[PDB]
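**Student:** There's a structure below that I have some questions on.
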Amino acid sequence: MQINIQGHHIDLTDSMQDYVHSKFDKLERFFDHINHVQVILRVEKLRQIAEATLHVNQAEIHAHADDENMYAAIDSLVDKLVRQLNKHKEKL
Ligand SMILES: [Co+3]
Ligand SMILES: [Co+3]
């Protein structure tokens, strides 16, 4: 798993990156076929937006989540990714 975190119109801090890494390190223990991962954190007006695309074996998992708080946005994003990963894990 190689994670690339990018920011847009936001002060991307090491805490955000550390937090993102933390969430994905937990995730890989349940889904072990995660190859490349892209994450984009950005702000649209007051909206804090977290985007992610996970490239897994023979498929892609994509989702966005937004919140007034970026860390909460990231947590919501992961919950969406986990749901999709569980479904995709089921198929396989
Ligand atoms: Co997207
Ligand atoms: Co791909």
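Chain identifiers are assigned as A, B, and so on, following the order in which chains appear in the structure tokens; residues are numbered from 1 within each chain, and ligands are numbered from 1 in order of appearance.
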Which residues in region 40-73 of chain A does DSSP call strand (DSSP E)? List them as a list in words.

**Tutor:**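 Checking each residue of region 40-73 of chain A, the strand (DSSP E) ones are residues 40, 41, 42, 43, 44, 47, 48, 49, 50, 51, 52, 53, 54, 55, 56, 59, 60, 61, 62, 63, 64, 65, 66 and 67 of chain A.
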
**Student:** Set the cut-off to 8 Å, count only C-alpha atoms and all ligand atoms, and list whatever residues fall near ligand 2 as a ChimeraX atom specification.

**Tutor:** /A:36,54-56,59-60

**Student:** If you take only C-alpha atoms and all ligand atoms and a cut-off of 7 Å, which residues of chain A touch ligand 1, and what are their nearest atom pairs and distances in Å to one decimal, in chain and number order, as a Markdown table?

**Tutor:**
```
| residue | atom | partner | partner_atom_place_in_ligand_line | distance |
| --- | --- | --- | --- | --- |
| A:51 | CA | ligand 1 | 1 (Co) | 5.3 |
| A:52 | CA | ligand 1 | 1 (Co) | 6.2 |
| A:53 | CA | ligand 1 | 1 (Co) | 6.8 |
| A:62 | CA | ligand 1 | 1 (Co) | 6.4 |
| A:63 | CA | ligand 1 | 1 (Co) | 6.1 |
| A:64 | CA | ligand 1 | 1 (Co) | 6.0 |
```

**Student:** Could you write out, as a list in words, all the residues of region 14-65 of chain A that DSSP marks as alpha helix (DSSP H)?

**Tutor:**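 Of region 14-65 of chain A, only residues 14, 15, 16, 17, 18, 19, 20, 21, 22, 23, 24, 25, 26 and 27 of chain A fall in alpha helix (DSSP H).
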
**Student:** Residues within 7 Å of region 2-9 of chain A, please, as a PyMOL selection string. Count only C-alpha atoms; anything in the same chain fewer than 2 positions from it doesn't count.

**Tutor:** chain A and resi 12+35-43

**Student:** Emit the selected residues as an mmCIF file, in the first residue's frame, including N, CA and C atoms.

**Tutor:**
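Here's the written file part.cif:
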```cif
data_model
loop_
_atom_site.group_PDB
_atom_site.id
_atom_site.type_symbol
_atom_site.label_atom_id
_atom_site.label_comp_id
_atom_site.auth_asym_id
_atom_site.auth_seq_id
_atom_site.Cartn_x
_atom_site.Cartn_y
_atom_site.Cartn_z
ATOM 1 N N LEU A 12 -2.572 21.714 4.587
ATOM 2 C CA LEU A 12 -2.321 20.302 4.858
ATOM 3 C C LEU A 12 -1.251 20.193 5.948
ATOM 4 N N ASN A 35 -3.453 -1.853 -3.232
ATOM 5 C CA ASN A 35 -2.207 -1.456 -3.865
ATOM 6 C C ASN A 35 -2.018 0.053 -3.734
ATOM 7 N N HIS A 36 -2.288 0.806 -4.791
ATOM 8 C CA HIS A 36 -2.133 2.249 -4.697
ATOM 9 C C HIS A 36 -3.340 2.915 -4.053
ATOM 10 N N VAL A 37 -3.074 3.969 -3.294
ATOM 11 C CA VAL A 37 -4.128 4.723 -2.630
ATOM 12 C C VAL A 37 -3.904 6.214 -2.843
ATOM 13 N N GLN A 38 -4.962 6.922 -3.227
ATOM 14 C CA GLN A 38 -4.877 8.363 -3.403
ATOM 15 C C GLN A 38 -5.891 9.001 -2.470
ATOM 16 N N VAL A 39 -5.484 10.074 -1.811
ATOM 17 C CA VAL A 39 -6.362 10.789 -0.913
ATOM 18 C C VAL A 39 -6.214 12.264 -1.224
ATOM 19 N N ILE A 40 -7.343 12.959 -1.292
ATOM 20 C CA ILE A 40 -7.342 14.390 -1.541
ATOM 21 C C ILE A 40 -8.186 15.066 -0.473
ATOM 22 N N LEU A 41 -7.591 16.051 0.191
ATOM 23 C CA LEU A 41 -8.269 16.814 1.229
ATOM 24 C C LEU A 41 -8.389 18.232 0.685
ATOM 25 N N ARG A 42 -9.602 18.764 0.666
ATOM 26 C CA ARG A 42 -9.786 20.107 0.150
ATOM 27 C C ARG A 42 -10.952 20.817 0.802
ATOM 28 N N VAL A 43 -11.000 22.127 0.595
ATOM 29 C CA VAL A 43 -12.050 22.950 1.167
ATOM 30 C C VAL A 43 -12.840 23.661 0.080
#
```
